[PDB]
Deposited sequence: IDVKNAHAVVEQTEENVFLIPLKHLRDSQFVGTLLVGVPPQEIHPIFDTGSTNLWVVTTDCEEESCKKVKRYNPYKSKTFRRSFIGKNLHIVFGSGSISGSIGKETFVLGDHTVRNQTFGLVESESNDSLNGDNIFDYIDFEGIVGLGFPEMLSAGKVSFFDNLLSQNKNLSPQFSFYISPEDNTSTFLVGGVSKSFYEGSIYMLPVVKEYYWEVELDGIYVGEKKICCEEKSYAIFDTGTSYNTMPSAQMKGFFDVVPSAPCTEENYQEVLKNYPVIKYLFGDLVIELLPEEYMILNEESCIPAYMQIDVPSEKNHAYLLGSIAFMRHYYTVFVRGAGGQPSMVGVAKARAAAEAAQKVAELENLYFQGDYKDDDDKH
C-alpha cells in the first residue's frame, strides 16, 4: 500500500557494530565541536538518551562520556526536573536538555534529549552503554516536544519518512538505513503491515504456531517490532506453554546441527500471510545448550496480548522497513527475507 524508497542517492547507511555485550551500536555526533557516541537504535522507545560526564558511576566512567560543558550548543531544559525510566533489565535517570546532533550526513538542531545521570534502581554493569536513539512514535516521549526522527525529517526535506534494519551479526555487517531500503539487504518481495496504534511499531497478529500446536491467537493479539531486545517475546500467560513445546537441549559447535533436526517450526500469522522461523533460526548456543531465543514480556497497554520480535530471533532473518506516516497517512512495517551472509 506504500512505496518504499530505493534510489541509491536518497538512502543513507549507518553501519551497526554488534558488540560482544549483545549491543548493536551505531555512530552519533553530539554537540559542537562534535563528540562521538555509540548508541543503540531502538524501535521500542522514542526518547533519545546520551550518557554524560555528570554520571561518575562505575558503569558510566568506563565509556566515552559526553561532556556537555565542552559543547557550545548544549542547553539545559526544564532545569530542576529529573526523568526516570525503569524497564526489565535496569533503570535510567537523568536531566533534560537540548543539543545539536549529526547522524550520518544529516544535522539536527534544537533537539530535545535526556542526559543520563544515574543507572541505579543492573545490566549496565554488563554492557558498555552510551545512549539510545529512539525510533518509536512521539506519543512515547517521556519528555520533549518532537521525536528525534520526526525532527530529523522535518529538517531534511529530501528524505522519505522511512528507515530499515539489516541484522547480520555473523560478519558484523548490520546496517541502519535512513530514507528507504536497499536491494543489497533483502531478496524477494516486501510485504507491508499497517501500524494499528502509533505508539510502538505495533501491527495486527492473527496467530502463532509451534509445529501443529497453535499458541495463538484466541484473543485479539498484536506484534511489536523492537530492535532494543535481541529476544522474541511472549506474554506471561502464554509463556509457560511456549517453552513447553520449545525445550532447551545440549548442543555443541558440531552437534547443534543434529540436535535441532526434530524441533518444530514457528509460524507467525499476519492475516493470510505466514512467516516461518526454523530451529536454527530461533535457537542459540548458550554454554553447550540449545535454548529458544525467547523471553517473557507483558506489554501493559495491550492487556498482555502483544508479542515482540527482536533483532536476533527475527530481524536477523527478515529485513524490516519502517514507514512513518504523516497526517492521514498510515504507518507501516515492511518485512522481507533478509539476504543472509556466508
(message) So, counting the deposited sequence from position 1, which segments are absent from the coordinates?
(response) 1 to 6, 128 to 133, 355 to 379
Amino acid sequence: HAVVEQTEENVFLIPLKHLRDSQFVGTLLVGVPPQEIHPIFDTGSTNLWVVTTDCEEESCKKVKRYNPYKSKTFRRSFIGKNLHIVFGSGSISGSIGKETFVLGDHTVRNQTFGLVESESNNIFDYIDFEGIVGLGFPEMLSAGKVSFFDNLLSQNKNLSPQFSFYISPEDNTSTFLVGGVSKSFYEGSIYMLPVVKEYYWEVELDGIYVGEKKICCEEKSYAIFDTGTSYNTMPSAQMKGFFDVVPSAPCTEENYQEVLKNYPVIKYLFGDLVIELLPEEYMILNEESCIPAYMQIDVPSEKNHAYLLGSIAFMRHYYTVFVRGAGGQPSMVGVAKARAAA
From here on, numbers count along this sequence of modelled residues.
(request) Could you check the entry and say whether 123 to 131 or 167 to 175 has the higher mean CA B-factor? (result) 123 to 131
(message) When the Cα temperature factors in the entry are averaged, is it 287 to 295 or 29 to 37 that ends up higher?
(response) 287 to 295
(request) Would you mind checking which of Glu117, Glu202, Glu99, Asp150 has the top Cα temperature factor in the PDB entry? (result) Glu117
(request) Would you mind finding, among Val274, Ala313, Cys55, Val50, the residue with the largest C-alpha temperature factor in the entry? (result) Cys55
(request) Classify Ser301 as lowest, middle or highest third according to the C-alpha B-factor given in the PDB entry, relative to its own chain. (result) highest
(message) Could you place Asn67 in the lowest, middle or highest third of its chain by Cα temperature factor, using the values in the record?
(response) highest
(message) Is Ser59 in the lowest, middle or highest third of its chain when residues are ranked by C-alpha B-factor?
(response) highest
(request) Relative to the other modelled residues of the same chain, rank the CA B-factor of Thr107 and answer lowest, middle or highest third. (result) middle
(request) Can you work out whether the C-alpha temperature factor of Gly136 puts it in the lowest, middle or highest third of the chain? (result) lowest
